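Student: Per the authors' numbering, the sequence shown runs over residues 1 to 253. Backbone N, C-alpha and C define an ideal beta-carbon position, used for all residues, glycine too.
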Amino acid sequence: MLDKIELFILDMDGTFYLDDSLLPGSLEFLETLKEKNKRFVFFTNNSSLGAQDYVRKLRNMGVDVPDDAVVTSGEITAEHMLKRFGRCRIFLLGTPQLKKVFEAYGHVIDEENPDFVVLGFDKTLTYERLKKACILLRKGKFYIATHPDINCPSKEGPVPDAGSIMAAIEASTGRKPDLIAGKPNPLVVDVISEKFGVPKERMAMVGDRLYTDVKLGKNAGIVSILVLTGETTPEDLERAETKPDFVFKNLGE
Ligand SMILES: CC(=O)N[C@@H]1[C@@H](O)[C@H](O)[C@@H](CO)O[C@@H]1O
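1) Within the same chain, show all residues whose beta-carbon is closer than 6 Å to that of residue 14, passing over the 5 residues directly before and after it, in chain order.
2) Looking at C-alpha atoms only, which residue of 3, 217, 168, 136 is the closest neighbour of residue 182?
3) Straight-line CA distance for residue 180 to residue 148?
4) In whole angstroms, what separates the C-alpha of residue 123 from that of residue 111?
5) Could you pull the start and end residues of the beta strand (DSSP E) that residue 142 belongs to?
6) Once you ignore the five residues that flank residue 165 on each side, which residues in its own chain have a CB closer than 8 Å to its CB?
7) Give the list of continuous beta strand (DSSP E) stretches no shorter than 3 residues that lie fully inside the stretch 31–66.
8) Kindly indicate which three-state DSSP category residue 214 falls into: helix, strand or coil?
9) Distance, Cα to Cα, residue 215 vs residue 225?
10) Which residues neighbour ligand 1 when neighbourhood means a C-beta less than 6 Å away from any of its non-hydrogen atoms? List them by chain order.
11) Do the CB positions of residue 190 and residue 220 come within less than 9 Å of each other?
12) Is DSSP giving residue 69 helix, strand or coil here?
13) When every heavy atom of ligand 2 is checked, does at least one fall within less than 8 Å of the C-beta of residue 137?
14) Among the residues of its own chain, which have a CB less than 8 Å from the CB of residue 91, if the five just before and after it don't count?
15) Going residue by residue through the stretch 155–241, where are the continuous alpha helix (DSSP H) segments of at least 4 residues, counting only ones entirely within it?
16) By Cβ distance below 7 Å, which residues in the same chain neighbour residue 58 in space, the five residues on each side in sequence not counted?
17) Tell me whether the beta-carbon of residue 98 lies closer than 9 Å to the beta-carbon of residue 48.
18) Determine the contact status of residue 41 and residue 71, defining contact as a CB-CB distance below 9 Å.
19) What separation, rounded to the nearest whole angstrom, lies between the Cα atoms of residue 197 and residue 31?
20) Skipping 5 residues on each side, what residues in its chain have a beta carbon closer than 6 Å to that of residue 206?
21) Which of helix, strand or coil does DSSP assign to residue 87?
22) With distances taken between CB atoms, is the gap from residue 227 to residue 246 smaller than 9 Å?
23) So, at 7 Å on beta carbons, what are the nonlocal neighbours of residue 159 in its own chain, with the 5 sequence-adjacent residues on each side left out?
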């Protein structure tokens with residue numbers, strides 16, 4: 001029951017900040033982890049940008065932080081492919097930033113003859129790119145998606161995300177991803193574990209997504225810490241450990 005934890009995977013929008021503005025207590029929270037000798041790693045299923053893009057956004061916000069401090073379903077999806085397939089020739093349904101991410105992992109984008117069709121939060125999607133992906137899929141190419149999320153919360157409200165695009169791809173090719181690396185797929189915790197050394201026995205998930213964040217911890221087997229700075233109140237199914245924001249979080253060590 002807490003206090004014996006070493007690594008805290010933190011959510012970003014909805015948990016650490018909101019609407020591009022830090023959330024009260026967030027700053028003071030990290031500091032508390034410093035003192036109490038704790039390790040923290042941010043994570044987001046949003047693959048429309050790469051880790052660095054976020055590291056910038058955080059610092060530009062007022063948070064000095066290392067480069068390995070952020071992780072995305074992007075780098076997870078890449079690293080996992082390299083792990084079990086190696087340098088791959090993929091048709092990427094993603095954004096320029098997501099691409100650079102896959103390239104840094106030695107992968108290559110071959111619009112011509114690819115082995116995998118990879119789908120990310122493609123904010124640069126076009127009908128043609130969809131048409132191509134669908135055809136390649138009907139040629140039975142390995143199909144991988146960075147995350148499952150249907151919509152993504154925004155200033156203007158819920159907006160189409162990877163899941164929404166998937167919906168179309170599936171209605172057309174009748175096919176669904178062969179793999180999805182993002183939460184709640186345990187893979188995230190496993191990879192984060194390896195990359196930092198600390199074991200699942202001393203790791204905690206801190207977020208605001210009642211279903212996803214809680215269910216991640218269940219599948220990956222680690223304490224899930226639900227925070228109430230996001231859209232949370234309705235509850236059933238699985239539960240976890242709870243607190244309003246990081247004020248409470250911090251004070252609870
Ligand atoms: C009874 C139950 O387990 N669920 C409720 C949920 O419906 C309600 O909206 C919320 C208020 O924040 O409290 C609980 O989570």
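Tutor: Short version:
1) Here residue 14 corresponds to residue number 14 of the sequence shown, with the count starting at 1. Within the same chain, residue 14 has close Cβ partners 208, 230.
2) Counting from one through the sequence shown, the residue named residue 182 turns up at place 182. Selected option, being the one with the closest Cα: 217.
3) Looking up residue 180 in the sequence shown gives position 180. Looking up residue 148 in the sequence shown gives position 148. The C-alpha of residue 148 is placed about 7 Å away from the C-alpha of residue 180.
4) Reading the sequence shown from its first residue, position 123 is the one you call residue 123. Reading the sequence shown from its first residue, position 111 is the one you call residue 111. If you take the alpha carbons of residue 123 and residue 111, they lie about 18 Å apart.
5) Locating residue 142 in the sequence shown gives position 142, counting from the first residue. Element bounds for residue 142: 142–145.
6) Start at 1 with the first residue of the sequence shown, and residue 165 comes out as number 165. So the list reads 93, 119, 122, 125, 130, once near-sequence residues are dropped.
7) Taking only runs of at least 3 residues, the beta strand (DSSP E) segments lying wholly in the stretch 31–66 are 39–44.
8) Translated into the one-based positions of the sequence shown, residue 214 becomes position 214. Residue state, collapsed to three classes: helix.
9) Along the sequence shown, one-based indexing puts residue 215 at 215. Along the sequence shown, one-based indexing puts residue 225 at 225. Cα-Cα distance, rounded: 11 Å.
10) Taking every residue with its beta carbon within less than 6 Å of a heavy atom belonging to ligand 1 gives, in chain order, 233, 234, 235, 236.
11) In the sequence shown, the residue the question calls residue 190 occupies position 190. In the sequence shown, the residue the question calls residue 220 occupies position 220. A contact, by the Cβ cut-off of 9 Å.
12) Locating residue 69 in the sequence shown gives position 69, where the first residue counts as 1. Coil.
13) With respect to ligand 2, the structure shown offers nothing to examine, as its ligands consist of ligand 1.
14) What you label residue 91 is simply residue 91 of the sequence shown in a count that begins at 1. If we look at residue 91 and ignore the five residues flanking it on each side, its Cβ neighbours are 109, 110, 111, 114, 116, 117, 118, 132, 133, 136, 141.
15) 162–173, 187–196, 212–220
16) Taking the first residue of the sequence shown as 1, we reach residue 58 at position 58. Counting only Cβ-Cβ distances below 7 Å, and skipping sequence neighbours, we find 65.
17) As a working mapping, residue 98 is identified with position 98 in the sequence shown. As a working mapping, residue 48 is identified with position 48 in the sequence shown. Yes, the pair counts as a contact, with Cβ atoms nearer than the cut-off.
18) Along the sequence shown, read from residue 1 onward, the residue named residue 41 stands at position 41. Along the sequence shown, read from residue 1 onward, the residue named residue 71 stands at position 71. Against a cut-off of 9 Å, the Cβ pair of residue 71 and residue 41 comes out as a contact.
19) Residue mapping note: residue 197 aligns to position 197 of the sequence shown, counting from 1. Residue mapping note: residue 31 aligns to position 31 of the sequence shown, counting from 1. Residue 197 and residue 31: Cα-Cα distance of roughly 22 Å.
20) On the sequence shown, position 206 is the one that residue 206 refers to. Only 8, 10, 225 meet the Cβ criterion.
21) Residue mapping note: residue 87 aligns to position 87 of the sequence shown, counting from 1. Look at residue 87 here: in three-state DSSP terms it is coil, with no helix or strand label.
22) Position 227 of the sequence shown, counted from the start, is the residue given in the question as residue 227. Position 246 of the sequence shown, counted from the start, is the residue given in the question as residue 246. Yes. Within cutoff.
23) Stepping through the sequence shown from its first residue, residue 159 is reached at position 159. Apart from sequence neighbours up to five positions away, the residues of its chain that approach residue 159 with a beta-carbon distance below 7 Å are 151, 152, ordered along the chain.
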